[PDB]
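Protein chains in written order, with the UniProt record's numbering: chain A, 1 to 102; chain B, 2 to 145; chain C, 2 to 204; chain D, 2 to 209; chain E, 55 to 267.
Cβ coordinates follow ideal geometry from the N, Cα and C atoms, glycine included.
Working notes, structure below.
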Amino acid sequence: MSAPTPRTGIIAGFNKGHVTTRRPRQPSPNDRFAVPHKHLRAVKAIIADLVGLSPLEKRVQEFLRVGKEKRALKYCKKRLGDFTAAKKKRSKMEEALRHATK
Amino acid sequence: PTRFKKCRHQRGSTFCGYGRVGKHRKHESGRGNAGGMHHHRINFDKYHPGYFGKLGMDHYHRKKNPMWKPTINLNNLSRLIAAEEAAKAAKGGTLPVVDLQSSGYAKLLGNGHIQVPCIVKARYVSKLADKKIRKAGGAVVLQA
Amino acid sequence: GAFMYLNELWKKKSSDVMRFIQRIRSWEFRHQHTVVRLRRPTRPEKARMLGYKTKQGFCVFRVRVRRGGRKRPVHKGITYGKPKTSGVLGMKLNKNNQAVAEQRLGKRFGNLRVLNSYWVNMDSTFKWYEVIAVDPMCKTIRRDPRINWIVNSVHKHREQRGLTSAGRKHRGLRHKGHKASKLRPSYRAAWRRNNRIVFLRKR
Amino acid sequence: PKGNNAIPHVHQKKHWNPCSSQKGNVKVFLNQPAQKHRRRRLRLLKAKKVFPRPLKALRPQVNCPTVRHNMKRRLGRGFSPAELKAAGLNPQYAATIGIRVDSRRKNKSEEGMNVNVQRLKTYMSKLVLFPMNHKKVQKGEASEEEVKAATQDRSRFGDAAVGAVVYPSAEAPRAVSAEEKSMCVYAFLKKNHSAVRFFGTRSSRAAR
Amino acid sequence: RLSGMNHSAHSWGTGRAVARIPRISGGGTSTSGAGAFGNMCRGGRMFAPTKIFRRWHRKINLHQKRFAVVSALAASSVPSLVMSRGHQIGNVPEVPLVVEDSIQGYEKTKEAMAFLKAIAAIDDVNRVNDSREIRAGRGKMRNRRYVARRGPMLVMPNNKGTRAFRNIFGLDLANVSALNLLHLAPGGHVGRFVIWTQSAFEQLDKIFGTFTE
RNA sequence: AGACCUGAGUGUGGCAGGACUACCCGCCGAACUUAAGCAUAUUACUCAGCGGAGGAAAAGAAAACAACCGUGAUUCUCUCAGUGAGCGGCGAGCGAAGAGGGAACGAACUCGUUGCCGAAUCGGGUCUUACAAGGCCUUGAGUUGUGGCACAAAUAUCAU
RNA sequence: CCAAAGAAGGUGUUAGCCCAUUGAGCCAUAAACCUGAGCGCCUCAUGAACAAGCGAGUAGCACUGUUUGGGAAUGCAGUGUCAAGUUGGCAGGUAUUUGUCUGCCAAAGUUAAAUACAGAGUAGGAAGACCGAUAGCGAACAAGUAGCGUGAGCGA
Ligand SMILES: [K+]
Ligand SMILES: [K+]
Ligand SMILES: [K+]
Ligand SMILES: [K+]
Ligand SMILES: [K+]
Ligand SMILES: [K+]
Ligand SMILES: [K+]
Ligand SMILES: [K+]
Ligand SMILES: [K+]
Ligand SMILES: [K+]
Ligand SMILES: [K+]
Ligand SMILES: [K+]
Ligand SMILES: [Mg+2]
Ligand SMILES: [Mg+2]
Ligand SMILES: [Mg+2]
Ligand SMILES: [Mg+2]
Ligand SMILES: [Mg+2]
Ligand SMILES: [Mg+2]
Ligand SMILES: [Mg+2]
Ligand SMILES: [Mg+2]
Ligand SMILES: [Mg+2]
Ligand SMILES: [Mg+2]
Ligand SMILES: [Mg+2]
Ligand SMILES: [Mg+2]
Ligand SMILES: [Mg+2]
Ligand SMILES: [Mg+2]
Ligand SMILES: [Mg+2]
Ligand SMILES: [Mg+2]
Ligand SMILES: [Mg+2]
Ligand SMILES: [Mg+2]
Ligand SMILES: [Mg+2]
Ligand SMILES: [Mg+2]
Ligand SMILES: [Mg+2]
Ligand SMILES: [Mg+2]
Ligand code: NA
Ligand code: NA
Ligand code: NA
Ligand code: NA
């Protein structure tokens, strides 16, 4: 764990600020939020296989079957409100299409 | 005190300095700053120019702690030095050290003649202040 | 555990199987009363999350609230005053339907203490919430350290004062800092602080 | 007439005045001396009740946040578990011998950690721990002479054992360095300032 | 705030041959139709009813307070100013009057009275004693029934020694560490008769300072 | 026959109901007024109306500030600040927050989850001077999960 | 003559010594309270050393209404639509698409103090540069009374 870059001791600059002996960022219980969740993913996969697809997912999968993937992204963005969520949903549907073929 | 007010001198006057013709009515010109663009425009325009309109950008959520930057000049630097240290201070020798951020200042400006040479620790400085204090036998040390 | 599977199953609410279950349930609920006592919660995972325990003294009631916006109850839609306060149909209640259901349950059954509630179903005209209630006179409740607090008098009709989760939601206590500065501890308290005229003794 | 006066913005157009028909919105301080007396009497009563323990629990020394105040020091909410561990104390046990603990506070530097570790060391050196049983005294527990000679701190900040918060000492007078007579401090500071002021535009120009 | 305004009290109008002041509503009473809601009407509301927001207390600069106390102390040492303020000091040995600290060990009011007779403050004490009387107005109907003159003020170095002096009528007790201007210049008049203990006298230079120190 | 699911009747043991309502919590909510007119605005997130607690109430243990050399639940005070914030027929008017000095403060805990257990749990009888945080019994309730142990102030617990 | 008591009430005029008061103290106590977490006994507890998860019609988002200093939206409500969790989410006060950084981890719950009492009570106190019987509460008095109104109410 690299020690942080020391400050320069002046009020302006790239590493401006009073000079102290900086300590590294200590581990936190919240650090486990970025770790992959294998059991949660397995439970979600079982539930998804059990229940099937939602109407949004069916519409996006048909959009992806034909060449229109930008329109699938637009539809996802309209339904979800966020571009990151739309891209995640489109990627999940692409992976589901690949899994269905294979 | 009520005994010093004009109400006591006007006992028996029946008008209290407001006249028989005009009288003292409730609100004869509106309430507050009413009519600053009509029927009080002369007053507003000759006594408070610039009142109406818009100017400049908008700084949403202005925190004034980040902008804190008091200034001190070169001829005022003896306020931050004890008398005995200024007694011994001289060019080419041991000089008192002034910490501006601990004394309450951020920038050294440099107007006038510096009375006592010293080493000034300052966050900011002017070019004229830096040059003048270096000529006078002192110095500036940047701090944060 | 099984909780993970039930939780994911209830997160998949738009699937075919859950839509079928919810349609049958909405029909069955539509053909019942406004307030219905249940032996067991329809969603045990959600009930246990919100505070329900399968112990003596815990009760579940399903409460039904009609859907849609508020109508101002002015005669013939006639309002007098400025045209600003003239809308009769486009106004909205400043309190959510979950809070309304909790308050209806608590006002109907005054011997119980309302703890929480959760959404179970909704159709084109109705919305159903399951409300958890606790009996303050039960020995199991009065001797359990984790539900003991509800026996005290400050918790009488907390749902009517908006101290439940839905009450906090519509009061704005879901937010902190610069998002709820004028809403804390309450908007009335902030208004009092900001508007009271202060007269220091020596001034 | 009106004449030349400041434009008034007195802000009294609400129903603050208590009259007939109006409850009012006012706050008078006529109970200020009585409340000061009550607070002092309650503090003395609490000190008598919690005798011989210090009235105020031990608190750390912290730096004030913004750049306007970062040169100032004050008392924190409590000692971090890192500082307690460095001083050799369990946080849960320290919470029982009158030490405030703060799990939220992070130590981003060694100086502010060392000052608080020194505070903890001084407090634990001056601490007198009464035995649970005076007949069987365990390790690290006071004897009967220390128990009988105990005294209460009763200080406003609870810092008689460790003193007030320490500040950096003033630099002694010295001579100007040869590099200090020649270096252009304004040029150095302006170069450093402009490096950040025009970082994005310089990078864009270099890329294009 | 409700006083004088706790009525319906609407105005009758102008068609009836009466003034337009609001009149009390109803009938069957002597108060019906009586004028209400006015400083001139009987049972009405006073002009500008008094509030508790009035500025009762004042801020005085610390240096100005210290200057006032210092001036009162300086004036207390001039025998002619003390004489002109009203005190009977025609037999006291010296002004400023400084006595030994052995009076702090007195346990009996008769010992205190003997000391007062010895140092000849008994003339001023008798002055206030003879001056005691009943107040001359509504103050005695309030809790201000009796009045008397001021008399000497005995200053002690600390809080001890007042046991024999607390019950003497016409003698005030003071602590050198906390000197009050309302007692050094009663009524705003400088030249109070002050009896110093030796220790209180020697504390004065350190308490108030010097022109240079 | 029987079960258990859903729902009744009765017995037995309880509780709710009204008053108060200064303050406090939730809703609902004007207008006169001011803008020298008036419709946005203002009055005012106020009066009146309808609920609900308590000696206080509410809030409260960071999905917090910040941008520091950083701080550290809530509440309150002075200050910030009638603001070179902002909002506004940018008019009349309106209008906060962080930081700082303080008050207070032994201030923190509980559940769901996840692991590992799994009825060890709860009522009810009866006994112990005991409607015991105890023993014994009990299908009565509960396995559609009550209870235990460990989750950062942490690094096992469980024996003997 | 008394004063460790001068305290201001009463008594046929203006009372330290006529009376009551003005102090150490003394006596008596359901429970609670406080006191080596006072102290025994029985009983019952109990301390120290001998890998995965983390709160879903939720958070968003759209439209509408409202609220806010919050402004390409500060909160909230209705309805539609509806996540992530293996660039994990949320905040960082100019909307967008990026990618860096910082702080934090929502959608169960409990919690004392410092704070209010702006027309409340209960049991007490201290008062006042206040009012002084057309005043001060409507009410110094068998006053919310007598009286008045179908009544809500009004009210000496
Ligand atoms: K409706
Ligand atoms: K209308
Ligand atoms: K605040
Ligand atoms: K002053
Ligand atoms: K007008
Ligand atoms: K408003
Ligand atoms: K502070
Ligand atoms: K008397
Ligand atoms: K991040
Ligand atoms: K709470
Ligand atoms: K309050
Ligand atoms: K009260
Ligand atoms: Mg005049
Ligand atoms: Mg005129
Ligand atoms: Mg509404
Ligand atoms: Mg709050
Ligand atoms: Mg012990
Ligand atoms: Mg009156
Ligand atoms: Mg007279
Ligand atoms: Mg109201
Ligand atoms: Mg309190
Ligand atoms: Mg509370
Ligand atoms: Mg406003
Ligand atoms: Mg459990
Ligand atoms: Mg013990
Ligand atoms: Mg014992
Ligand atoms: Mg939603
Ligand atoms: Mg508005
Ligand atoms: Mg607004
Ligand atoms: Mg969470
Ligand atoms: Mg007084
Ligand atoms: Mg009369
Ligand atoms: Mg009267
Ligand atoms: Mg009357
Ligand atoms: Na006189
Ligand atoms: Na009630
Ligand atoms: Na503060
Ligand atoms: Na006395």
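- Contacts with chain A at 9 angstroms (Cβ-Cβ) do not include D/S144.
- Per DSSP, the continuous beta strand (DSSP E) segment holding E/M207 begins and ends at 207–210.
- DSSP places B/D100 within a strand segment (E or B) once states are collapsed to three.
- Using a CB distance below 9 angstroms, no part of the segment 207–231 of chain E faces chain D.
- The C-alpha of E/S253 is placed about 14 angstroms away from the C-alpha of E/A232.
- Using a Cβ-Cβ cut-off of 9 angstroms, C/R197 counts as an interface residue toward chain D, since at least one Cβ of chain D sits closer than that to its own.
- Of the candidates E/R139, E/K214, E/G193, the residue whose Cα lies closest to the Cα of E/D178 is E/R139.
- Its chain contains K108, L109, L110, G111 as the residues whose beta carbon lies nearer than 8 angstroms to that of B/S127, once the 5 sequence neighbours on both sides are disregarded; these appear in chain order.
- Counting along the chain, E/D226 sits inside the beta strand (DSSP E) bounded by residues 226–229.
- The Cβ-Cβ distance between D/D154 and D/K57 falls below 9 angstroms.
- At a cut-off of 9 angstroms between beta-carbon atoms, D/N26 makes contact with chain C.
- For C/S182, the distance from the CB to the nearest heavy atom of ligand 3 is below 8 angstroms.
- As the crow flies, the alpha-carbon of C/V61 is around 48 angstroms from that of D/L90.
- In the three-state DSSP reduction, C/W120 falls in the strand class (E or B).
- Around the C-beta of E/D184, fewer than 16 other C-beta atoms lie within 10 Å, and the residue is accordingly described as exposed.
- Taking the beta carbon of E/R109 as reference, the chain C residues within 8 angstroms of it are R204, listed in sequence order.
- Going by DSSP, C/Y130 is part of the beta strand (DSSP E) stretching over 127–135.
- Within chain E, not a single residue places a beta-carbon under 7 angstroms from that of D/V177; the smallest gap is close to 37 angstroms.
- Look at D/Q153 here: in three-state DSSP terms it is coil, with no helix or strand label.
- C/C60: member of the beta strand (DSSP E) spanning 59–67, first to last residue.
- The beta carbon of D/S205 does not come within 9 angstroms of any beta carbon belonging to chain E, so the residue lies off that interface.
- For C/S118, no chain A residue has a Cβ inside 7 angstroms of its Cβ, as the nearest lies near 25 angstroms away.
- When the Cα atoms are used, E/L208 and E/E154 turn out to be separated by approximately 12 angstroms.
- The Cβ atoms of C/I133 and C/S154 do not sit closer than 9 angstroms to each other.
- Taking 7 angstroms as the Cβ-Cβ cut-off, the segment 62–81 of chain C has no residue approaching chain A.
- For C/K13, the C-beta contacts it makes with chain A under 8 angstroms involve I47, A48, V51, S54, in order along the chain.
- With at least 16 other beta carbons inside 10 angstroms of its own, E/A218 counts as buried.
- The straight-line gap separating the alpha-carbon atoms of C/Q99 and C/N112 is approximately 20 angstroms.
- A direct Cα-to-Cα measurement between C/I142 and C/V135 gives close to 8 angstroms.
- Under the DSSP assignment, E/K119 falls in the alpha helix (DSSP H) whose first and last residues are 116–129.
- Residues of the same chain with a CB within less than 7 angstroms of the CB of C/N122, apart from the 5 flanking positions on each side, are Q23, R26, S27, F30, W129 in chain order.
- Residues of the segment 5–20 of chain D whose Cβ lies closer than 9 angstroms to any Cβ of chain E, in chain order: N18, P19, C20.
- In terms of CA proximity to E/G245, E/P150 leads the group E/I114, E/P150, E/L227, E/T104.
- The C-beta distance from E/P206 to E/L225 rounds to 6 angstroms, short enough to fall under 8 angstroms.
- The contact set of D/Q33 on chain C, defined by CB atoms closer than 9 angstroms, consists of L201, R202 in chain order.
- If the five residues before and after A/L53 are omitted, its C-beta is found closer than 6 angstroms to no C-beta atom of its own chain.
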